[PDB]
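To be precise, the following lines are start_39.cif, and they hold mmCIF, N, CA and C atoms.
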data_coords
#
loop_
_atom_site.label_atom_id
_atom_site.label_comp_id
_atom_site.auth_asym_id
_atom_site.auth_seq_id
_atom_site.Cartn_x
_atom_site.Cartn_y
_atom_site.Cartn_z
N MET R 1 -68.34 -77.59 64.45
CA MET R 1 -67.61 -78.64 65.10
C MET R 1 -66.56 -79.21 64.14
N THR R 2 -65.50 -79.81 64.65
CA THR R 2 -64.58 -80.51 63.82
C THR R 2 -65.20 -81.85 63.36
N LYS R 3 -64.63 -82.48 62.35
CA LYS R 3 -65.03 -83.80 61.97
C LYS R 3 -64.76 -84.81 63.02
N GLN R 4 -63.65 -84.69 63.72
CA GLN R 4 -63.40 -85.62 64.83
C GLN R 4 -64.39 -85.47 65.95
N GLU R 5 -64.79 -84.23 66.24
CA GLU R 5 -65.84 -84.00 67.22
C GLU R 5 -67.17 -84.59 66.79
N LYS R 6 -67.50 -84.47 65.51
CA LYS R 6 -68.74 -85.04 64.98
C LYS R 6 -68.73 -86.54 65.11
N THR R 7 -67.65 -87.23 64.83
CA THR R 7 -67.62 -88.64 65.01
C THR R 7 -67.95 -89.01 66.42
N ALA R 8 -67.32 -88.31 67.38
CA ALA R 8 -67.55 -88.59 68.79
C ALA R 8 -68.97 -88.33 69.20
N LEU R 9 -69.56 -87.23 68.76
CA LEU R 9 -70.91 -86.88 69.08
C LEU R 9 -71.87 -87.94 68.51
N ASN R 10 -71.68 -88.36 67.29
CA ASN R 10 -72.52 -89.40 66.68
C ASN R 10 -72.44 -90.69 67.45
N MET R 11 -71.22 -91.07 67.89
CA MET R 11 -71.06 -92.26 68.67
C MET R 11 -71.73 -92.15 70.01
N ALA R 12 -71.66 -91.00 70.66
CA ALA R 12 -72.34 -90.81 71.95
C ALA R 12 -73.84 -90.95 71.77
N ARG R 13 -74.38 -90.41 70.68
CA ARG R 13 -75.85 -90.58 70.38
C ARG R 13 -76.19 -91.99 70.24
N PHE R 14 -75.40 -92.73 69.50
CA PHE R 14 -75.60 -94.19 69.24
C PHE R 14 -75.57 -94.96 70.54
N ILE R 15 -74.58 -94.69 71.38
CA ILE R 15 -74.49 -95.42 72.68
C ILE R 15 -75.67 -95.13 73.51
N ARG R 16 -76.15 -93.91 73.56
CA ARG R 16 -77.36 -93.58 74.33
C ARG R 16 -78.53 -94.39 73.83
N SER R 17 -78.71 -94.52 72.53
CA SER R 17 -79.83 -95.31 72.00
C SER R 17 -79.66 -96.79 72.29
N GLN R 18 -78.45 -97.32 72.17
CA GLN R 18 -78.22 -98.74 72.45
C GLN R 18 -78.47 -99.04 73.89
N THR R 19 -78.05 -98.19 74.80
CA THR R 19 -78.30 -98.43 76.21
C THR R 19 -79.78 -98.41 76.55
N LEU R 20 -80.59 -97.61 75.88
CA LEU R 20 -82.03 -97.65 76.07
C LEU R 20 -82.61 -98.94 75.58
N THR R 21 -82.19 -99.41 74.41
CA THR R 21 -82.65 -100.70 73.90
C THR R 21 -82.31 -101.80 74.86
N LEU R 22 -81.10 -101.85 75.39
CA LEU R 22 -80.71 -102.87 76.34
C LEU R 22 -81.52 -102.75 77.59
N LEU R 23 -81.78 -101.54 78.08
CA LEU R 23 -82.61 -101.34 79.25
C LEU R 23 -83.99 -101.95 79.04
N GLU R 24 -84.59 -101.73 77.91
CA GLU R 24 -85.89 -102.31 77.59
C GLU R 24 -85.82 -103.79 77.66
N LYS R 25 -84.79 -104.42 77.05
CA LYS R 25 -84.67 -105.85 77.04
C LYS R 25 -84.52 -106.41 78.44
N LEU R 26 -83.70 -105.77 79.28
CA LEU R 26 -83.49 -106.23 80.65
C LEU R 26 -84.78 -106.05 81.47
N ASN R 27 -85.49 -104.95 81.26
CA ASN R 27 -86.76 -104.76 81.96
C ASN R 27 -87.74 -105.83 81.60
N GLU R 28 -87.80 -106.24 80.34
CA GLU R 28 -88.69 -107.27 79.89
C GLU R 28 -88.40 -108.61 80.51
N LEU R 29 -87.22 -108.89 80.88
CA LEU R 29 -86.85 -110.13 81.59
C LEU R 29 -87.26 -110.13 83.03
N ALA R 30 -87.75 -109.06 83.59
CA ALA R 30 -88.38 -109.05 84.90
C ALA R 30 -87.47 -109.54 85.95
N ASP R 31 -87.93 -110.41 86.86
CA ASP R 31 -87.11 -110.82 87.98
C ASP R 31 -85.82 -111.45 87.58
N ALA R 32 -85.77 -112.13 86.39
CA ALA R 32 -84.58 -112.84 85.91
C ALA R 32 -83.40 -111.94 85.58
N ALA R 33 -83.67 -110.61 85.49
CA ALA R 33 -82.60 -109.68 85.17
C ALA R 33 -82.75 -108.41 86.03
N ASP R 34 -83.36 -108.50 87.19
CA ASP R 34 -83.69 -107.33 87.95
C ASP R 34 -82.47 -106.43 88.32
N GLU R 35 -81.44 -107.01 88.90
CA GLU R 35 -80.28 -106.22 89.29
C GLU R 35 -79.63 -105.64 88.05
N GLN R 36 -79.62 -106.39 86.97
CA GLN R 36 -78.99 -105.94 85.72
C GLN R 36 -79.77 -104.79 85.14
N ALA R 37 -81.07 -104.82 85.18
CA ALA R 37 -81.90 -103.71 84.73
C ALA R 37 -81.63 -102.49 85.56
N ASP R 38 -81.48 -102.64 86.87
CA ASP R 38 -81.20 -101.49 87.73
C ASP R 38 -79.82 -100.88 87.36
N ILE R 39 -78.82 -101.69 87.14
CA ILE R 39 -77.53 -101.16 86.70
C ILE R 39 -77.70 -100.45 85.37
N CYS R 40 -78.44 -101.07 84.43
CA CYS R 40 -78.60 -100.50 83.09
C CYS R 40 -79.37 -99.22 83.12
N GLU R 41 -80.30 -99.00 84.03
CA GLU R 41 -81.02 -97.74 84.15
C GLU R 41 -80.05 -96.64 84.43
N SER R 42 -79.15 -96.86 85.35
CA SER R 42 -78.09 -95.91 85.68
C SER R 42 -77.19 -95.70 84.48
N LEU R 43 -76.80 -96.78 83.78
CA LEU R 43 -75.94 -96.71 82.62
C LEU R 43 -76.57 -95.82 81.56
N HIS R 44 -77.84 -96.00 81.28
CA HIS R 44 -78.51 -95.17 80.31
C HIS R 44 -78.53 -93.69 80.72
N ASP R 45 -78.80 -93.43 81.98
CA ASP R 45 -78.74 -92.02 82.44
C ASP R 45 -77.35 -91.46 82.25
N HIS R 46 -76.32 -92.24 82.49
CA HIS R 46 -74.97 -91.78 82.31
C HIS R 46 -74.62 -91.55 80.85
N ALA R 47 -75.15 -92.39 79.95
CA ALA R 47 -74.96 -92.20 78.52
C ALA R 47 -75.66 -90.96 78.04
N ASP R 48 -76.85 -90.68 78.58
CA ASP R 48 -77.57 -89.45 78.26
C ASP R 48 -76.79 -88.22 78.72
N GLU R 49 -76.21 -88.28 79.94
CA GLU R 49 -75.42 -87.17 80.42
C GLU R 49 -74.23 -86.94 79.49
N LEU R 50 -73.55 -88.00 79.06
CA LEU R 50 -72.39 -87.85 78.14
C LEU R 50 -72.83 -87.22 76.87
N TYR R 51 -73.91 -87.71 76.25
CA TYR R 51 -74.39 -87.14 75.01
C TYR R 51 -74.70 -85.67 75.13
N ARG R 52 -75.44 -85.30 76.19
CA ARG R 52 -75.77 -83.89 76.42
C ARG R 52 -74.54 -83.06 76.58
N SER R 53 -73.53 -83.56 77.30
CA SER R 53 -72.31 -82.84 77.48
C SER R 53 -71.56 -82.61 76.24
N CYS R 54 -71.45 -83.64 75.38
CA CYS R 54 -70.84 -83.47 74.06
C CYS R 54 -71.59 -82.50 73.23
N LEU R 55 -72.90 -82.59 73.17
CA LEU R 55 -73.67 -81.67 72.36
C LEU R 55 -73.48 -80.26 72.70
N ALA R 56 -73.43 -79.99 74.06
CA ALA R 56 -73.19 -78.61 74.53
C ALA R 56 -71.78 -78.10 74.33
N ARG R 57 -70.80 -78.98 74.38
CA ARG R 57 -69.51 -78.53 74.11
C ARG R 57 -69.11 -78.38 72.74
N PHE R 58 -69.53 -79.33 71.86
CA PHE R 58 -69.10 -79.33 70.49
C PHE R 58 -69.99 -78.47 69.62
N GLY R 59 -71.23 -78.31 70.02
CA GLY R 59 -72.25 -77.85 69.21
C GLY R 59 -72.18 -76.22 69.75
N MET E 1 -78.28 -120.53 79.24
CA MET E 1 -78.97 -119.28 79.22
C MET E 1 -80.13 -119.34 78.23
N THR E 2 -81.15 -118.52 78.41
CA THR E 2 -82.18 -118.41 77.43
C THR E 2 -81.67 -117.64 76.20
N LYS E 3 -82.38 -117.70 75.09
CA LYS E 3 -82.07 -116.88 73.96
C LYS E 3 -82.26 -115.43 74.22
N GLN E 4 -83.27 -115.07 74.98
CA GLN E 4 -83.44 -113.65 75.34
C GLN E 4 -82.31 -113.16 76.21
N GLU E 5 -81.84 -113.99 77.14
CA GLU E 5 -80.68 -113.63 77.94
C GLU E 5 -79.43 -113.47 77.09
N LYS E 6 -79.25 -114.34 76.11
CA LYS E 6 -78.09 -114.24 75.21
C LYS E 6 -78.14 -112.96 74.42
N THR E 7 -79.28 -112.52 73.91
CA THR E 7 -79.34 -111.28 73.22
C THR E 7 -78.86 -110.16 74.08
N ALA E 8 -79.35 -110.13 75.33
CA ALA E 8 -78.98 -109.08 76.27
C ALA E 8 -77.51 -109.10 76.59
N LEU E 9 -76.93 -110.27 76.83
CA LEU E 9 -75.54 -110.41 77.13
C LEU E 9 -74.70 -109.93 75.94
N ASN E 10 -75.04 -110.31 74.75
CA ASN E 10 -74.31 -109.86 73.54
C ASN E 10 -74.35 -108.36 73.40
N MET E 11 -75.53 -107.75 73.67
CA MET E 11 -75.64 -106.32 73.60
C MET E 11 -74.82 -105.65 74.65
N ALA E 12 -74.78 -106.18 75.86
CA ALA E 12 -73.95 -105.60 76.93
C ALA E 12 -72.48 -105.64 76.54
N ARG E 13 -72.05 -106.75 75.92
CA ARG E 13 -70.63 -106.84 75.42
C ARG E 13 -70.36 -105.80 74.43
N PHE E 14 -71.26 -105.62 73.48
CA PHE E 14 -71.14 -104.61 72.39
C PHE E 14 -71.05 -103.21 72.98
N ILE E 15 -71.93 -102.89 73.92
CA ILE E 15 -71.90 -101.54 74.53
C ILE E 15 -70.62 -101.32 75.24
N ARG E 16 -70.10 -102.29 75.95
CA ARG E 16 -68.79 -102.15 76.62
C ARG E 16 -67.72 -101.83 75.61
N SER E 17 -67.69 -102.51 74.47
CA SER E 17 -66.68 -102.22 73.46
C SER E 17 -66.87 -100.86 72.83
N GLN E 18 -68.10 -100.46 72.56
CA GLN E 18 -68.35 -99.14 71.96
C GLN E 18 -67.95 -98.05 72.90
N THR E 19 -68.23 -98.18 74.18
CA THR E 19 -67.83 -97.16 75.14
C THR E 19 -66.32 -97.04 75.25
N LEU E 20 -65.57 -98.11 75.10
CA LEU E 20 -64.12 -98.02 75.07
C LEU E 20 -63.64 -97.29 73.84
N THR E 21 -64.21 -97.59 72.68
CA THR E 21 -63.86 -96.87 71.46
C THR E 21 -64.13 -95.40 71.60
N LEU E 22 -65.28 -95.01 72.13
CA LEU E 22 -65.58 -93.61 72.33
C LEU E 22 -64.64 -93.00 73.30
N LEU E 23 -64.28 -93.68 74.38
CA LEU E 23 -63.32 -93.18 75.35
C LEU E 23 -62.00 -92.86 74.66
N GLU E 24 -61.52 -93.74 73.82
CA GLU E 24 -60.28 -93.51 73.07
C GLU E 24 -60.40 -92.28 72.26
N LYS E 25 -61.51 -92.09 71.52
CA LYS E 25 -61.69 -90.94 70.68
C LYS E 25 -61.70 -89.65 71.47
N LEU E 26 -62.40 -89.64 72.62
CA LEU E 26 -62.47 -88.45 73.47
C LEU E 26 -61.09 -88.15 74.07
N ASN E 27 -60.36 -89.19 74.48
CA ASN E 27 -59.02 -88.98 75.00
C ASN E 27 -58.12 -88.36 73.97
N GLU E 28 -58.22 -88.79 72.72
CA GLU E 28 -57.43 -88.26 71.65
C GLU E 28 -57.70 -86.80 71.38
N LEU E 29 -58.83 -86.31 71.64
CA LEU E 29 -59.17 -84.88 71.51
C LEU E 29 -58.60 -84.05 72.61
N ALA E 30 -58.01 -84.59 73.65
CA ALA E 30 -57.23 -83.85 74.63
C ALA E 30 -58.04 -82.80 75.27
N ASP E 31 -57.51 -81.57 75.43
CA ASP E 31 -58.22 -80.55 76.17
C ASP E 31 -59.57 -80.23 75.63
N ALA E 32 -59.77 -80.39 74.29
CA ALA E 32 -61.04 -80.05 73.61
C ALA E 32 -62.21 -80.93 74.02
N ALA E 33 -61.90 -82.06 74.70
CA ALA E 33 -62.97 -82.96 75.12
C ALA E 33 -62.67 -83.48 76.54
N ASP E 34 -61.94 -82.74 77.35
CA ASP E 34 -61.48 -83.24 78.61
C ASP E 34 -62.62 -83.71 79.57
N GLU E 35 -63.60 -82.85 79.81
CA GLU E 35 -64.68 -83.22 80.72
C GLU E 35 -65.44 -84.40 80.15
N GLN E 36 -65.60 -84.43 78.84
CA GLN E 36 -66.35 -85.51 78.18
C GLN E 36 -65.60 -86.81 78.32
N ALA E 37 -64.31 -86.81 78.18
CA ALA E 37 -63.49 -87.99 78.39
C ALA E 37 -63.62 -88.48 79.81
N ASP E 38 -63.62 -87.57 80.78
CA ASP E 38 -63.77 -87.98 82.17
C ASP E 38 -65.15 -88.64 82.40
N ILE E 39 -66.20 -88.08 81.85
CA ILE E 39 -67.51 -88.72 81.97
C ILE E 39 -67.47 -90.09 81.30
N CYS E 40 -66.86 -90.17 80.11
CA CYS E 40 -66.84 -91.43 79.35
C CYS E 40 -66.02 -92.47 80.06
N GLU E 41 -64.98 -92.14 80.80
CA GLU E 41 -64.20 -93.11 81.56
C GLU E 41 -65.09 -93.80 82.55
N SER E 42 -65.90 -93.04 83.26
CA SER E 42 -66.87 -93.57 84.20
C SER E 42 -67.90 -94.42 83.47
N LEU E 43 -68.40 -93.95 82.31
CA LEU E 43 -69.39 -94.66 81.53
C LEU E 43 -68.85 -96.03 81.14
N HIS E 44 -67.62 -96.10 80.67
CA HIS E 44 -67.04 -97.37 80.31
C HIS E 44 -66.92 -98.31 81.51
N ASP E 45 -66.49 -97.79 82.64
CA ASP E 45 -66.44 -98.64 83.85
C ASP E 45 -67.83 -99.15 84.19
N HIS E 46 -68.85 -98.34 84.03
CA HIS E 46 -70.19 -98.77 84.32
C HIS E 46 -70.71 -99.81 83.33
N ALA E 47 -70.31 -99.68 82.05
CA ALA E 47 -70.65 -100.68 81.05
C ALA E 47 -69.96 -101.99 81.32
N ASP E 48 -68.71 -101.94 81.79
CA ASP E 48 -67.98 -103.15 82.18
C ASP E 48 -68.67 -103.83 83.36
N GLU E 49 -69.10 -103.03 84.36
CA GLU E 49 -69.79 -103.61 85.49
C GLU E 49 -71.07 -104.31 85.02
N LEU E 50 -71.84 -103.68 84.13
CA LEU E 50 -73.08 -104.31 83.61
C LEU E 50 -72.77 -105.58 82.92
N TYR E 51 -71.78 -105.60 82.02
CA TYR E 51 -71.42 -106.81 81.31
C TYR E 51 -71.05 -107.93 82.25
N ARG E 52 -70.18 -107.63 83.23
CA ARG E 52 -69.77 -108.64 84.20
C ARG E 52 -70.95 -109.17 84.97
N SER E 53 -71.89 -108.30 85.36
CA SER E 53 -73.06 -108.73 86.07
C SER E 53 -73.93 -109.62 85.30
N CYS E 54 -74.18 -109.30 84.01
CA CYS E 54 -74.92 -110.19 83.13
C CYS E 54 -74.24 -111.49 82.96
N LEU E 55 -72.95 -111.50 82.71
CA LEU E 55 -72.24 -112.76 82.52
C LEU E 55 -72.34 -113.67 83.65
N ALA E 56 -72.22 -113.09 84.90
CA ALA E 56 -72.36 -113.92 86.12
C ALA E 56 -73.76 -114.39 86.43
N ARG E 57 -74.75 -113.62 86.06
CA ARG E 57 -76.05 -114.09 86.25
C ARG E 57 -76.60 -115.00 85.29
N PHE E 58 -76.32 -114.78 83.98
CA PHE E 58 -76.90 -115.58 82.94
C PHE E 58 -76.08 -116.82 82.65
N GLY E 59 -74.80 -116.75 82.93
CA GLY E 59 -73.86 -117.64 82.45
C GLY E 59 -73.81 -118.63 83.84
#
So, in terms of structure tokens, how does the structure I just supplied come out?
Amino acid sequence: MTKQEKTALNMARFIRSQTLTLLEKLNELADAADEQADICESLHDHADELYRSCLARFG
Amino acid sequence: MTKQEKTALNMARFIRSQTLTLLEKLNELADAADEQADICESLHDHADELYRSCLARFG
């Protein structure tokens, strides 16, 4: 991979992990963050899809 | 807002900014990251929607 590709891939990994952490936090807030947790569940799946796509293309 | 809500809101802001940075990086790679940039454009819009939702609910 190029160095520029590696930066992007590392950032995609980081975003996937951050979105999981946020999902956990929103889930822990229960009813007080219910709709937000549902949006974040989708967000995390989308971050995972991006990471996988980068890995397959660059790697 | 609660302190737990503030943590979540701050994290949602951070993720929105990180996804924009990644989008810029993927766009700069042009054809070499085209599909990934298209996924990331959607990802950033979804992060913006999450942030806005948290802000309106917690704030």
Mind doing a quick least-squares superposition of chain E onto chain R, all C-alpha atoms paired one-to-one in order, and writing it out as an mmCIF file with N, CA and C atoms, in the frame of the given file?
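For reference, superposed_23.cif as written:
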data_model
loop_
_atom_site.group_PDB
_atom_site.id
_atom_site.type_symbol
_atom_site.label_atom_id
_atom_site.label_comp_id
_atom_site.auth_asym_id
_atom_site.auth_seq_id
_atom_site.Cartn_x
_atom_site.Cartn_y
_atom_site.Cartn_z
ATOM 1 N N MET E 1 -68.332 -77.590 64.447
ATOM 2 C CA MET E 1 -67.603 -78.633 65.094
ATOM 3 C C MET E 1 -66.565 -79.216 64.138
ATOM 4 N N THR E 2 -65.502 -79.807 64.652
ATOM 5 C CA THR E 2 -64.586 -80.515 63.819
ATOM 6 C C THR E 2 -65.203 -81.844 63.353
ATOM 7 N N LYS E 3 -64.626 -82.481 62.352
ATOM 8 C CA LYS E 3 -65.031 -83.799 61.972
ATOM 9 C C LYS E 3 -64.759 -84.818 63.018
ATOM 10 N N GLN E 4 -63.657 -84.695 63.723
ATOM 11 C CA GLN E 4 -63.394 -85.630 64.832
ATOM 12 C C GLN E 4 -64.399 -85.466 65.945
ATOM 13 N N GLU E 5 -64.792 -84.229 66.247
ATOM 14 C CA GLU E 5 -65.839 -84.001 67.230
ATOM 15 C C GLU E 5 -67.171 -84.587 66.788
ATOM 16 N N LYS E 6 -67.493 -84.462 65.512
ATOM 17 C CA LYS E 6 -68.743 -85.032 64.985
ATOM 18 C C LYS E 6 -68.735 -86.532 65.108
ATOM 19 N N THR E 7 -67.644 -87.231 64.833
ATOM 20 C CA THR E 7 -67.617 -88.640 65.012
ATOM 21 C C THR E 7 -67.954 -89.013 66.416
ATOM 22 N N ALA E 8 -67.325 -88.314 67.375
ATOM 23 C CA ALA E 8 -67.547 -88.588 68.788
ATOM 24 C C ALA E 8 -68.971 -88.327 69.198
ATOM 25 N N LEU E 9 -69.563 -87.222 68.762
ATOM 26 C CA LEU E 9 -70.914 -86.879 69.075
ATOM 27 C C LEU E 9 -71.865 -87.940 68.506
ATOM 28 N N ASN E 10 -71.676 -88.352 67.294
ATOM 29 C CA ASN E 10 -72.522 -89.404 66.678
ATOM 30 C C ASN E 10 -72.442 -90.695 67.451
ATOM 31 N N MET E 11 -71.217 -91.070 67.895
ATOM 32 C CA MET E 11 -71.062 -92.266 68.674
ATOM 33 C C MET E 11 -71.732 -92.152 70.002
ATOM 34 N N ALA E 12 -71.655 -91.007 70.657
ATOM 35 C CA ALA E 12 -72.336 -90.808 71.948
ATOM 36 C C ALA E 12 -73.841 -90.952 71.779
ATOM 37 N N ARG E 13 -74.380 -90.410 70.676
ATOM 38 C CA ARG E 13 -75.850 -90.581 70.384
ATOM 39 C C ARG E 13 -76.191 -91.995 70.242
ATOM 40 N N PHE E 14 -75.398 -92.736 69.490
ATOM 41 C CA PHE E 14 -75.603 -94.191 69.233
ATOM 42 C C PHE E 14 -75.574 -94.964 70.544
ATOM 43 N N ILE E 15 -74.582 -94.697 71.383
ATOM 44 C CA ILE E 15 -74.492 -95.420 72.673
ATOM 45 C C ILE E 15 -75.674 -95.128 73.515
ATOM 46 N N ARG E 16 -76.146 -93.907 73.565
ATOM 47 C CA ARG E 16 -77.366 -93.574 74.330
ATOM 48 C C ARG E 16 -78.530 -94.390 73.836
ATOM 49 N N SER E 17 -78.715 -94.518 72.527
ATOM 50 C CA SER E 17 -79.821 -95.312 72.008
ATOM 51 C C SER E 17 -79.653 -96.786 72.291
ATOM 52 N N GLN E 18 -78.448 -97.314 72.173
ATOM 53 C CA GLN E 18 -78.218 -98.741 72.449
ATOM 54 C C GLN E 18 -78.468 -99.046 73.890
ATOM 55 N N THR E 19 -78.050 -98.193 74.802
ATOM 56 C CA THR E 19 -78.300 -98.429 76.218
ATOM 57 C C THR E 19 -79.783 -98.404 76.547
ATOM 58 N N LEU E 20 -80.584 -97.604 75.878
ATOM 59 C CA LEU E 20 -82.024 -97.640 76.072
ATOM 60 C C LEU E 20 -82.613 -98.939 75.578
ATOM 61 N N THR E 21 -82.189 -99.406 74.411
ATOM 62 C CA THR E 21 -82.648 -100.696 73.905
ATOM 63 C C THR E 21 -82.309 -101.805 74.858
ATOM 64 N N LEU E 22 -81.093 -101.848 75.381
ATOM 65 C CA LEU E 22 -80.720 -102.867 76.337
ATOM 66 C C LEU E 22 -81.521 -102.747 77.578
ATOM 67 N N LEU E 23 -81.781 -101.546 78.077
ATOM 68 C CA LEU E 23 -82.606 -101.337 79.255
ATOM 69 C C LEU E 23 -83.983 -101.955 79.044
ATOM 70 N N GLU E 24 -84.587 -101.727 77.907
ATOM 71 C CA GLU E 24 -85.895 -102.310 77.586
ATOM 72 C C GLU E 24 -85.821 -103.784 77.656
ATOM 73 N N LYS E 25 -84.796 -104.417 77.053
ATOM 74 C CA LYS E 25 -84.670 -105.847 77.045
ATOM 75 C C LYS E 25 -84.522 -106.417 78.438
ATOM 76 N N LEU E 26 -83.696 -105.769 79.282
ATOM 77 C CA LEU E 26 -83.486 -106.225 80.657
ATOM 78 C C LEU E 26 -84.777 -106.059 81.470
ATOM 79 N N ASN E 27 -85.494 -104.952 81.263
ATOM 80 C CA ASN E 27 -86.758 -104.763 81.953
ATOM 81 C C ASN E 27 -87.745 -105.838 81.602
ATOM 82 N N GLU E 28 -87.804 -106.237 80.339
ATOM 83 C CA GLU E 28 -88.689 -107.268 79.890
ATOM 84 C C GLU E 28 -88.397 -108.613 80.509
ATOM 85 N N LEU E 29 -87.228 -108.895 80.879
ATOM 86 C CA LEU E 29 -86.852 -110.135 81.585
ATOM 87 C C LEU E 29 -87.262 -110.130 83.018
ATOM 88 N N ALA E 30 -87.750 -109.057 83.594
ATOM 89 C CA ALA E 30 -88.386 -109.042 84.903
ATOM 90 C C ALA E 30 -87.470 -109.537 85.944
ATOM 91 N N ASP E 31 -87.932 -110.412 86.861
ATOM 92 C CA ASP E 31 -87.105 -110.820 87.975
ATOM 93 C C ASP E 31 -85.814 -111.448 87.581
ATOM 94 N N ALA E 32 -85.773 -112.122 86.395
ATOM 95 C CA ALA E 32 -84.577 -112.846 85.911
ATOM 96 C C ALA E 32 -83.402 -111.939 85.584
ATOM 97 N N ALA E 33 -83.675 -110.615 85.491
ATOM 98 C CA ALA E 33 -82.598 -109.682 85.171
ATOM 99 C C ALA E 33 -82.755 -108.410 86.029
ATOM 100 N N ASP E 34 -83.360 -108.498 87.196
ATOM 101 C CA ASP E 34 -83.693 -107.332 87.956
ATOM 102 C C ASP E 34 -82.470 -106.427 88.314
ATOM 103 N N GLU E 35 -81.437 -107.013 88.904
ATOM 104 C CA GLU E 35 -80.276 -106.217 89.288
ATOM 105 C C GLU E 35 -79.630 -105.634 88.048
ATOM 106 N N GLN E 36 -79.620 -106.392 86.968
ATOM 107 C CA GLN E 36 -78.991 -105.943 85.716
ATOM 108 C C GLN E 36 -79.768 -104.786 85.142
ATOM 109 N N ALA E 37 -81.065 -104.821 85.176
ATOM 110 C CA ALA E 37 -81.899 -103.716 84.737
ATOM 111 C C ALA E 37 -81.627 -102.485 85.564
ATOM 112 N N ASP E 38 -81.484 -102.642 86.877
ATOM 113 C CA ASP E 38 -81.192 -101.494 87.725
ATOM 114 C C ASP E 38 -79.821 -100.878 87.361
ATOM 115 N N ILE E 39 -78.820 -101.694 87.135
ATOM 116 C CA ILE E 39 -77.529 -101.157 86.703
ATOM 117 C C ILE E 39 -77.696 -100.451 85.361
ATOM 118 N N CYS E 40 -78.440 -101.069 84.434
ATOM 119 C CA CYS E 40 -78.593 -100.505 83.083
ATOM 120 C C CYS E 40 -79.365 -99.217 83.126
ATOM 121 N N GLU E 41 -80.301 -99.005 84.029
ATOM 122 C CA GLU E 41 -81.026 -97.745 84.148
ATOM 123 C C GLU E 41 -80.056 -96.636 84.428
ATOM 124 N N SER E 42 -79.143 -96.857 85.353
ATOM 125 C CA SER E 42 -78.093 -95.910 85.678
ATOM 126 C C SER E 42 -77.185 -95.697 84.475
ATOM 127 N N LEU E 43 -76.802 -96.782 83.773
ATOM 128 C CA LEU E 43 -75.934 -96.710 82.618
ATOM 129 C C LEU E 43 -76.566 -95.819 81.556
ATOM 130 N N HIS E 44 -77.843 -95.995 81.279
ATOM 131 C CA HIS E 44 -78.507 -95.165 80.304
ATOM 132 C C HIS E 44 -78.525 -93.693 80.717
ATOM 133 N N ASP E 45 -78.805 -93.426 81.975
ATOM 134 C CA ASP E 45 -78.749 -92.023 82.442
ATOM 135 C C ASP E 45 -77.349 -91.463 82.253
ATOM 136 N N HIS E 46 -76.324 -92.247 82.490
ATOM 137 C CA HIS E 46 -74.977 -91.780 82.315
ATOM 138 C C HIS E 46 -74.612 -91.550 80.850
ATOM 139 N N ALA E 47 -75.149 -92.398 79.952
ATOM 140 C CA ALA E 47 -74.962 -92.199 78.523
ATOM 141 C C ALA E 47 -75.666 -90.960 78.040
ATOM 142 N N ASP E 48 -76.852 -90.674 78.586
ATOM 143 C CA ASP E 48 -77.577 -89.442 78.262
ATOM 144 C C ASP E 48 -76.784 -88.222 78.721
ATOM 145 N N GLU E 49 -76.214 -88.288 79.944
ATOM 146 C CA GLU E 49 -75.422 -87.178 80.423
ATOM 147 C C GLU E 49 -74.231 -86.941 79.489
ATOM 148 N N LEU E 50 -73.544 -88.004 79.065
ATOM 149 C CA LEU E 50 -72.395 -87.852 78.137
ATOM 150 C C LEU E 50 -72.828 -87.228 76.869
ATOM 151 N N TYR E 51 -73.914 -87.709 76.251
ATOM 152 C CA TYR E 51 -74.397 -87.143 75.009
ATOM 153 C C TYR E 51 -74.700 -85.671 75.136
ATOM 154 N N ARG E 52 -75.441 -85.298 76.194
ATOM 155 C CA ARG E 52 -75.776 -83.896 76.415
ATOM 156 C C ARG E 52 -74.537 -83.057 76.581
ATOM 157 N N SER E 53 -73.527 -83.561 77.301
ATOM 158 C CA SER E 53 -72.301 -82.838 77.480
ATOM 159 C C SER E 53 -71.558 -82.611 76.240
ATOM 160 N N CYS E 54 -71.444 -83.642 75.373
ATOM 161 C CA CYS E 54 -70.842 -83.476 74.059
ATOM 162 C C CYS E 54 -71.585 -82.505 73.230
ATOM 163 N N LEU E 55 -72.894 -82.597 73.171
ATOM 164 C CA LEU E 55 -73.668 -81.670 72.353
ATOM 165 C C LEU E 55 -73.474 -80.272 72.703
ATOM 166 N N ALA E 56 -73.430 -79.993 74.057
ATOM 167 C CA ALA E 56 -73.184 -78.607 74.522
ATOM 168 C C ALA E 56 -71.776 -78.097 74.332
ATOM 169 N N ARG E 57 -70.807 -78.973 74.381
ATOM 170 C CA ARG E 57 -69.512 -78.531 74.107
ATOM 171 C C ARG E 57 -69.109 -78.389 72.740
ATOM 172 N N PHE E 58 -69.527 -79.332 71.857
ATOM 173 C CA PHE E 58 -69.099 -79.327 70.488
ATOM 174 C C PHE E 58 -69.992 -78.471 69.615
ATOM 175 N N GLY E 59 -71.228 -78.313 70.024
ATOM 176 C CA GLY E 59 -72.249 -77.846 69.220
ATOM 177 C C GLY E 59 -72.178 -76.224 69.747
#
List every residue of chain E that has an atom at most 8 Å from any atom of range 14-25 of chain R, and for each one report the closest atom pair and its distance in Å to one decimal, counting all atoms listed in the file, with rows sorted by chain and then by increasing residue number, as a Markdown table.
| residue | atom | partner | partner_atom | distance |
| --- | --- | --- | --- | --- |
| E:4 | C | R:25 | C | 7.4 |
| E:7 | C | R:25 | CA | 7.8 |
| E:8 | CA | R:22 | CA | 6.4 |
| E:11 | CA | R:22 | CA | 6.7 |
| E:12 | N | R:22 | CA | 6.8 |
| E:15 | CA | R:15 | CA | 6.9 |
| E:18 | C | R:15 | CA | 7.1 |
| E:19 | N | R:15 | CA | 7.0 |
On this structure, which residues satisfy the PyMOL selection byres (((chain R and resi 1 and name CA) around 8) and name CA), written as a ChimeraX atom specification?
/R:2-3,5-6,58-59
Evaluating the PyMOL selection byres ((chain E and resi 43) around 8) on the displayed file yields which residues, as a PyMOL selection string?
(chain R and resi 43+46-47) or (chain E and resi 16+19-20+37-42+44-49)
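Of note, atom N of residue 28 in chain E and atom C of residue 13 in chain E are spaced 21.0 Å apart.
Atom N of residue 57 in chain R sits 9.8 Å away from atom N of residue 35 in chain E.
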